[PDB]
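The structure appears right after this line, and notes come after that.
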Amino acid sequence: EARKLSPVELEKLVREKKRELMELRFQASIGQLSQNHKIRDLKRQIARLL
Amino acid sequence: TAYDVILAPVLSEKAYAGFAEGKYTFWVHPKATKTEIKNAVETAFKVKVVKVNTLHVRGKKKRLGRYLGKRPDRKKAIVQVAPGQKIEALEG
Amino acid sequence: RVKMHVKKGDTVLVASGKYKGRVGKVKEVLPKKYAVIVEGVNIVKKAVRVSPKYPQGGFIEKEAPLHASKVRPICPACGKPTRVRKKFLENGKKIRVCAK
Amino acid sequence: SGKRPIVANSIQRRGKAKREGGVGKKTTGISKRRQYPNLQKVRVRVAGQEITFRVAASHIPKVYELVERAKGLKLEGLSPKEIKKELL
RNA sequence: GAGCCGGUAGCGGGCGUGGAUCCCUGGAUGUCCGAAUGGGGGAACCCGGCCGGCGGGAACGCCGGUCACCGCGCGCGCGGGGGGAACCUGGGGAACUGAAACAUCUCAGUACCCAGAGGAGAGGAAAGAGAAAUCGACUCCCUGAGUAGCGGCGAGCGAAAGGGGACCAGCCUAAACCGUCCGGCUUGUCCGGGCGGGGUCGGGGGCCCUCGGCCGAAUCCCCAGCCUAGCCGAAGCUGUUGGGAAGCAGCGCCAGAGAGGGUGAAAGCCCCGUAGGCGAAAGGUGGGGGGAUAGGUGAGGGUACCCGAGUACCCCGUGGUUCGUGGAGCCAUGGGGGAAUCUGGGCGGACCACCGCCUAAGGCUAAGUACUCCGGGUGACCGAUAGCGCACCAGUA
RNA sequence: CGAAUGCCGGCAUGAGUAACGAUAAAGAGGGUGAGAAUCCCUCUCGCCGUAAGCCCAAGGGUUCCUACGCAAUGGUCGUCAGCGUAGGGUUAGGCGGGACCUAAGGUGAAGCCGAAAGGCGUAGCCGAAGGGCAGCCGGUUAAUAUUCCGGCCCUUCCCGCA
RNA sequence: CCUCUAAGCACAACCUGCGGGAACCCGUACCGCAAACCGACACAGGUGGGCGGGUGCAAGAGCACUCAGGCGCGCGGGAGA
Ligand SMILES: [Mg+2]
Ligand SMILES: [Mg+2]
Ligand SMILES: [Mg+2]
Ligand SMILES: [Mg+2]
Ligand SMILES: [Mg+2]
Ligand SMILES: [Mg+2]
Ligand SMILES: [Mg+2]
Ligand SMILES: [Mg+2]
Ligand SMILES: [Mg+2]
Ligand SMILES: [Mg+2]
Ligand SMILES: [Mg+2]
Ligand SMILES: [Mg+2]
Ligand SMILES: [Mg+2]
Ligand SMILES: [Mg+2]
Ligand SMILES: [Mg+2]
Ligand SMILES: [Mg+2]
Ligand SMILES: [Mg+2]
Ligand SMILES: [Mg+2]
Ligand SMILES: [Mg+2]
Ligand SMILES: [Mg+2]
Ligand SMILES: [Mg+2]
Ligand SMILES: [Mg+2]
Ligand SMILES: [Mg+2]
Ligand SMILES: [Mg+2]
Ligand SMILES: [Mg+2]
Ligand SMILES: [Mg+2]
Ligand SMILES: [Mg+2]
Ligand SMILES: [Mg+2]
Ligand SMILES: [Mg+2]
Ligand SMILES: [Mg+2]
Ligand SMILES: [Mg+2]
Ligand SMILES: [Mg+2]
Ligand SMILES: [Mg+2]
Ligand SMILES: [Mg+2]
Ligand SMILES: [Mg+2]
Ligand SMILES: [Mg+2]
Ligand SMILES: [Mg+2]
Ligand SMILES: [Mg+2]
Ligand SMILES: [Mg+2]
Ligand SMILES: [Mg+2]
Ligand SMILES: [Mg+2]
Ligand SMILES: [Mg+2]
Ligand SMILES: [Mg+2]
Ligand SMILES: [Mg+2]
Ligand SMILES: [Mg+2]
Ligand SMILES: [Mg+2]
Ligand SMILES: [Mg+2]
Ligand SMILES: [Mg+2]
Ligand SMILES: [Mg+2]
Ligand SMILES: [Mg+2]
Ligand SMILES: [Mg+2]
Ligand SMILES: [Mg+2]
Ligand SMILES: [Mg+2]
Ligand SMILES: [Mg+2]
Ligand SMILES: [Mg+2]
Ligand SMILES: [Mg+2]
Ligand SMILES: [Mg+2]
Ligand SMILES: [Mg+2]
Ligand SMILES: [Mg+2]
Ligand SMILES: [Mg+2]
Ligand SMILES: [Mg+2]
Ligand SMILES: [Mg+2]
Ligand SMILES: [Mg+2]
Ligand SMILES: [Mg+2]
Ligand SMILES: [Mg+2]
Ligand SMILES: [Mg+2]
Ligand SMILES: [Mg+2]
Ligand SMILES: [Mg+2]
Ligand SMILES: [Mg+2]
Ligand SMILES: [Mg+2]
Ligand SMILES: [Mg+2]
Ligand SMILES: [Mg+2]
Ligand SMILES: [Mg+2]
Ligand SMILES: [Mg+2]
Ligand SMILES: [Mg+2]
Ligand SMILES: [Mg+2]
Ligand SMILES: [Mg+2]
Ligand SMILES: [Mg+2]
Ligand SMILES: [Mg+2]
Ligand SMILES: [Mg+2]
Ligand SMILES: [Mg+2]
Ligand SMILES: [Mg+2]
Ligand SMILES: [Mg+2]
Ligand SMILES: [Mg+2]
Ligand SMILES: [Mg+2]
Ligand SMILES: [Mg+2]
Ligand SMILES: [Mg+2]
Ligand SMILES: [Mg+2]
Ligand SMILES: [Mg+2]
Ligand SMILES: [Mg+2]
Ligand SMILES: [Mg+2]
Ligand SMILES: [Mg+2]
Ligand SMILES: [Mg+2]
Ligand SMILES: [Mg+2]
Ligand SMILES: [Mg+2]
Ligand SMILES: [Mg+2]
Ligand SMILES: [Mg+2]
Ligand SMILES: [Mg+2]
Ligand SMILES: [Mg+2]
Ligand SMILES: [Mg+2]
Ligand SMILES: [Mg+2]
Ligand SMILES: [Mg+2]
Ligand SMILES: [Mg+2]
Ligand SMILES: [Mg+2]
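For the record, the sequence lines run as chains Y, T, U and X. Counting in the deposited numbering, the first sequence runs from 12 upward without gaps. Counting in the deposited numbering, the second sequence runs from 3 upward without gaps. Counting in the deposited numbering, the third sequence runs from 2 upward without gaps. Counting in the deposited numbering, the fourth sequence runs from 8 upward without gaps.
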């Protein structure tokens, strides 16, 4: 769990973004919603040791 | 994999009427798509959901090819009488 | 890949057409259509908009791509094709000889 | 048919004839159809415990040679695999 | 190495000379179906069991493992299963056709089906070939040669030797005997069963006392080189008609680059390139180059020990080879009879006797050759009814 | 290239000719619209009424509904449409299937037989508008409603108490 | 579903009520004797089950009319060979 509880947080954030997108209120789309390239797989990469 | 279930709500004239009784129909992840997403909506909006229904919608389209987007499952919560919260009342 | 070419966003002579010999500024490379825009072809776009905003006053309408095999770069020289000098760690574009 | 210690069956022609035959007079052939000569097969029963083979019956002495043995192992219930793979 | 966020054109939204976009290499995630493989299934879906996880919870849930079947050895483990445009081997295998009918025949062991296998497959080290006191594995190409032949001696089918080439290579195993060991018994100074050691025409081997003795893998790690991204790559300016110059003209220059493309047309000198030469951290690749390993070193003379068994040989039935019953050998083998292990056994085209040749009934064995889904270049190849069926969102409507 | 009842493409002729797909049948007044016999409404007229009306399976799949349209498809026209564009719309412990069962028939461990493909085949499993299983009535939007909601009832399981 | 005992368990396990809990996947729109299915067509054809009202004629799922409901059959206007 050295990298978890962070993607739970960032997937919570992306289900603030996808809420904000459906109503007409998401005015930085690719500036925010394509976080999941570097962010979000920011800490979805470790070698599963042991 | 709990916030990758409830994909999006729907702004619609029918799911603005869900705020009088039973909270709004979301498009849910149409596979891994159980009606026990009650522990995917109350773990997301901190409520106590009584009853959930289920669907399968959204067919075809022209412009050269078919299947307008997806065929996403979408339904709701019949969440307990006034834990209905979580700023949703915007737009309707 | 193949799509890389003469130069980048600097000042550059064009030796093309009506503008056979014109030193334009920073050039704003296209380049999948292999052009730039730089300062030369200034043909009028007889268009309103796609979004109907701030309507038609005059037309001082913008430029055109200008195919990039005719934008001769510049240095303290005129023309003189670019070259590569590496200096053991870099890759710089030095012209037929002046410098830079 | 089968094989159990030998090669499978073959395919023959027939080659009818209607003639006198060379050492008498002029010869001939008639019709070359496919007889399908299924090899000689006999279900043999041996007493390893209850074991059964489809052996070629020009190879019944060979399967009794295979039975005149003691290959160090007891019963799993069926066991012709150790009788047929400890064949030469 | 400066632009990007695919085929973007539009929301404007961001992101980059502290290095992005891309391309390559190596991982990670790979939902579901599919050999499908937990069971079912009407493919892309349902329904589980066990373990481990979230009143998120004991019940329904979802996650992440594991649950097919078969083959090989000691419940335990390593493979197999399906796919592939052709190419190949084996098992099967037509018929129209041709014979100016047709049945033998031909088409043809073709097409096709099935199995198998791999970048090749096959075959392969002589029980060979056949006239030479000869050749010496196998394959492929050209000759032999449309010869020899076969043939309702019609139609037609059609070698092989020799000889040129390519390529090159030989080897493991009971060509018996010694010990080992679960048990066999009539406890036998012994039956067969697994290994192990022996064993491959100082004609072979095992056994019995002289005369003592290391070449080299197909296997293994290496290393170039090859790819899988790329990179550097020479030298032209002016005037002219013109929409536009590279055209025309003048004055040049490079050339290990005057192949080609695009540039507003006709460009060696604008670009991309080409000649030439660099480039691999990572993976494949590879004795082409050197390295070691595994293996190989009754020469002699004897006491007749062993040289692959329902096999050879004989007959009946057939296929293969040029061979269609013929004088029918040979090679395979479905039926029946059924041997011996070197004064053995087979072959040299019935057979027999001389003279030769060669060792079957166990297996492996690179290389050269066929192929082209694939990538590249090449064209007295096509230029949209052509070329693939598709230059285009086509195996689509 | 001139012929192959050639092939592909084009355009003719036939020809403004036959037809326009039921001899159930229309007429009028307002609208709307640029435009109307055809669209909407009204009022008569007619036609089916064991259907030419409702409901469910089969099948088809978004044709449903609303709004913007009318080039194209409607055998005419079309503002209309089922056609084009975009957006909505299909809510189940109780209805139907599956977490249940079998019939014919498949598949099929075992077993048999086939040159290979494979062909059989016991148990088992699959197999359904058959058996079994817990729901009725009303309302609501533009569309769903035995699903949403209102009332009453009922079923399985799991935990706790007796 | 009812029942009987094997294995087993008899500190379980079932059974009856009362309290709480849990109830999953798919189908659901619309046409459905048709302009949306099958017939290349908005095709006079084909299509399974259920309700299919009233009055009259002996009865009737007939026939005649007609509720409810749904259509006037997606070309018409003339003329009167
Ligand atoms: Mg449902
Ligand atoms: Mg549509
Ligand atoms: Mg660098
Ligand atoms: Mg003859
Ligand atoms: Mg024949
Ligand atoms: Mg017997
Ligand atoms: Mg994009
Ligand atoms: Mg980088
Ligand atoms: Mg990057
Ligand atoms: Mg990329
Ligand atoms: Mg994961
Ligand atoms: Mg499966
Ligand atoms: Mg199955
Ligand atoms: Mg399914
Ligand atoms: Mg917890
Ligand atoms: Mg827990
Ligand atoms: Mg599992
Ligand atoms: Mg191994
Ligand atoms: Mg296979
Ligand atoms: Mg024939
Ligand atoms: Mg003939
Ligand atoms: Mg004939
Ligand atoms: Mg032949
Ligand atoms: Mg090979
Ligand atoms: Mg071989
Ligand atoms: Mg030899
Ligand atoms: Mg030859
Ligand atoms: Mg030769
Ligand atoms: Mg030779
Ligand atoms: Mg050699
Ligand atoms: Mg022994
Ligand atoms: Mg040995
Ligand atoms: Mg001696
Ligand atoms: Mg090395
Ligand atoms: Mg090197
Ligand atoms: Mg490269
Ligand atoms: Mg360069
Ligand atoms: Mg250059
Ligand atoms: Mg001119
Ligand atoms: Mg040119
Ligand atoms: Mg031109
Ligand atoms: Mg040129
Ligand atoms: Mg070079
Ligand atoms: Mg390397
Ligand atoms: Mg390395
Ligand atoms: Mg290799
Ligand atoms: Mg021998
Ligand atoms: Mg015998
Ligand atoms: Mg012989
Ligand atoms: Mg003769
Ligand atoms: Mg002798
Ligand atoms: Mg012999
Ligand atoms: Mg010989
Ligand atoms: Mg002989
Ligand atoms: Mg002779
Ligand atoms: Mg080989
Ligand atoms: Mg070769
Ligand atoms: Mg190419
Ligand atoms: Mg041409
Ligand atoms: Mg050309
Ligand atoms: Mg064309
Ligand atoms: Mg074509
Ligand atoms: Mg053309
Ligand atoms: Mg296409
Ligand atoms: Mg013509
Ligand atoms: Mg003619
Ligand atoms: Mg002619
Ligand atoms: Mg024509
Ligand atoms: Mg015409
Ligand atoms: Mg006429
Ligand atoms: Mg007429
Ligand atoms: Mg008419
Ligand atoms: Mg009437
Ligand atoms: Mg009537
Ligand atoms: Mg509608
Ligand atoms: Mg029109
Ligand atoms: Mg029309
Ligand atoms: Mg209008
Ligand atoms: Mg529509
Ligand atoms: Mg209920
Ligand atoms: Mg039910
Ligand atoms: Mg389930
Ligand atoms: Mg079932
Ligand atoms: Mg049965
Ligand atoms: Mg069967
Ligand atoms: Mg089963
Ligand atoms: Mg049923
Ligand atoms: Mg039923
Ligand atoms: Mg409805
Ligand atoms: Mg409904
Ligand atoms: Mg009741
Ligand atoms: Mg519950
Ligand atoms: Mg309904
Ligand atoms: Mg009906
Ligand atoms: Mg209708
Ligand atoms: Mg139809
Ligand atoms: Mg028809
Ligand atoms: Mg009609
Ligand atoms: Mg009809
Ligand atoms: Mg009927
Ligand atoms: Mg009557
Ligand atoms: Mg009637
Ligand atoms: Mg009509
Ligand atoms: Mg009349």
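For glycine and all other residues, C-beta sits at the position ideal for the given N, C-alpha and C.
Secondary structure of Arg26/Y, DSSP reduced to three states: Looking up residue 26/Y in the first sequence gives position 15. DSSP places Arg26/Y in helix when its eight states are reduced to three.
Distance cutoff 8 Å, beta carbons only. Does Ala22/T sit that close to anything in chain Y? Stepping through the second sequence from its first residue, residue 22/T is reached at position 20. Cβ-Cβ to chain Y under 8 Å: no for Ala22/T.
What do you reckon, are the CB atoms on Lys53/T and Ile80/T nearer than 8 Å? The sequence position of residue 53/T within the second sequence is 51, counting from 1. The sequence position of residue 80/T within the second sequence is 78, counting from 1. For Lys53/T and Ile80/T, yes; Cβs fall inside 8 Å.
Residues of its chain near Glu27/X, where Cβ-Cβ distance is below 8 Å and the 5 sequence neighbours each way are ignored: Taking the fourth sequence and counting its residues from 1, the one referred to as residue 27/X is at position 20. Result list for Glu27/X: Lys33 and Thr34, in chain order.
So the candidates are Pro12/X, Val14/X, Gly9/X and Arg40/X; which of them puts its Cα closest to the Cα of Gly22/X? By 1-based counting over the fourth sequence, the position of residue 22/X is 15. The shortest Cα separation from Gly22/X among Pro12/X, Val14/X, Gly9/X and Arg40/X belongs to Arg40/X.
Inter-stretch contact (C-beta, 8 Å, three-pair minimum) for the segment 34–42 of chain U and the segment 53–72 of chain U: yes
Is there a Cβ of chain T sitting closer than 8 Å to that of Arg26/Y, yes or no? Residue mapping note: residue 26/Y aligns to position 15 of the first sequence, counting from 1. So yes, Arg26/Y belongs to the interface.
Could you round the C-beta distance between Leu9/T and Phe28/T to whole angstroms and report it? I think they count as a contact, below 8 Å. Here residue 9/T refers to the residue found at position 7 of the second sequence. Here residue 28/T refers to the residue found at position 26 of the second sequence. Right, the Cβ-Cβ distance comes to about 7 Å (below 8 Å), so this counts as a contact.
Measuring alpha carbon to alpha carbon, tell me which of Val30/X, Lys91/X, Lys25/X and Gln47/X ends up nearest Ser38/X. In the fourth sequence, residue 38/X corresponds to position 31, counting from 1. Out of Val30/X, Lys91/X, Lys25/X and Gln47/X, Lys25/X has the C-alpha closest to the C-alpha of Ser38/X.
On the three-state DSSP scale, how would you describe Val81/T? Mapped onto the second sequence, residue 81/T falls at position 79. Of the three classes helix, strand and coil, the one that applies to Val81/T here is coil, per DSSP.
Starting from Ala10/T, find everything on chain Y with Cβ-Cβ shorter than 9 Å and list it in chain order. As a first step, residue 10/T is located in the second sequence; it is residue number 8 there, counting from the start. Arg26, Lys29, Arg30, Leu32 and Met33, listed in chain order.
Beta-carbon within less than 7 Å of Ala42/T's beta-carbon, same chain only, minus the 5 sequence neighbours each way: which residues are those? Numbered from 1 along the second sequence, position 40 holds the residue referred to as residue 42/T. Same-chain partners within the cutoff: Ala4, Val7 and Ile8.
For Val62/X, I'd like the list of residues in its chain whose CB is within less than 7 Å of its CB, leaving aside the five on either flank, ordered along the chain. Here the question's residue 62/X lines up with position 55 in the fourth sequence. So the list reads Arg11, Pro12, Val49, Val51 and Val70, once near-sequence residues are dropped.
From the DSSP output, read off the bridge partner residues of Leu14/U. Here residue 14/U refers to the residue found at position 13 when the third sequence is read from its first residue. According to DSSP, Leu14/U bridges with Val24/U and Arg73/U.
If you drop the 5 nearest sequence neighbours on each side, which residues of the same chain put their C-beta closer than 7 Å to that of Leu57/T? Sequence index remark: in the second sequence, residue 57/T carries index 55 (1-based). Excluding sequence neighbours, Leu57/T sits near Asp75, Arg76 and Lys77.
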